[PDB]
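For reference, the chain that follows is the form deposited in one PDB entry, supplied as structure tokens.
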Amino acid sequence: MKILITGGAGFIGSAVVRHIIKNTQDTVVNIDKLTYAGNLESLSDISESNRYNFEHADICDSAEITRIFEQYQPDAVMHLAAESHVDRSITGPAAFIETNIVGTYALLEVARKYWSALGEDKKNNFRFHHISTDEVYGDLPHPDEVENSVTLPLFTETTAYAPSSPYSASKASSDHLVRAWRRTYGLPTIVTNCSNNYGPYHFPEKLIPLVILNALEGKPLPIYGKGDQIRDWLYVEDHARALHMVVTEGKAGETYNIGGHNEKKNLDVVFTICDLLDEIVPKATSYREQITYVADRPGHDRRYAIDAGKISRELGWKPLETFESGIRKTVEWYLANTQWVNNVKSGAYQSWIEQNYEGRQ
């Protein structure tokens, strides 16, 4: 099967591309604009494959995207291209509205026209897989807000949308467009909403990779508020396996939440990374001494937790890593890939760090 993937040069996208080329017989055409988050180095291990092709393009460029669809004749689409950082969306929402909402709209129109003109066979089997986030569901009650006996709620596929940030509002909106295109035009769409991802090739602006790199560089490890906020951590390679399973076996019109049921408090994750580094790269003092509390994120969602029961019983997907095994693999990966890390740390990255962290709130 020929799969057209947008955002394949990103964190999760590159994992999807590497997985497809290494463990399947499908082919891939990767469309990526190469923003600050795009990195062809993350695809170095498969870029030479005859089953892989790269197209440097913007999903908003309708004419070019249209041409690419006609050239490669994809059997399915996996849409991961997006602006993904909540903190960047707070100070610069425009890029999120543009890429996440308008860009998904532009891609949907190209896909709709393409799909509509396909032969009976190919048309019935075509699939448009929209990759999304658990953040569209809003925030969940926190353990410190309920009785120490009551069972905390989880995000299910029927949980009402209630996005808190420009980023999550942008993704929620994109999800709606995908479903409306399905209901109105019949386009065979599938939507997945996954918990936080972590692992190899993660851009150093998200919690885990930022903490790992800052720790090694002797810099502060910024904790928003009290660090008691909760996130559900899924290893990126596990997400990638789930995504290929969904695009291949998922049912059109369905939604599948993806997660490994691994709720963790931010501070706990940071301590875990620090202890791992104290063990692997010991120095005079503990990396813990770099933990630093800083002003909280405006509108911060205090708890995300995904119920992946549906995808488990319907597709049989199960994560292979545990947070313990995954976080160690992640720390080990960054220590073994200083080449990749040094390249992704440009003056642009430093400017973002100064913008979001120095003189912070």
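For every residue, the number given is its place in the sequence shown, counted from 1. Just so we're on the same page, rigid core means the largest C-alpha set that superposes within 1.5 Å between forms.
This protein has a second form, the form deposited in another entry, left out of what is shown; the following refers to that one.
With the two forms fitted on their core, the C-alpha shifts between the shown form and the other one stay under 2 Å for all of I223, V110, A172, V269 except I223. With a cut-off of 2 Å and the rigid core superposed, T285 has a Cα displacement that reaches or exceeds the cut-off between the shown form and the other one.
Remark: with the core as the superposition reference, the CA shift of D87 between the shown form and the other one reaches 2 Å or more. Once the rigid core is used as the reference frame, the Cα position of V294 differs between the shown form and the other one by 2 Å or more. If you compare C-alpha positions, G347 and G38 are 3 angstroms or more closer together in that other deposited form than in the form on display. Relative to this form, the distance between the C-alpha atoms of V17 and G347 is reduced by at least 3 angstroms in that other deposited form.
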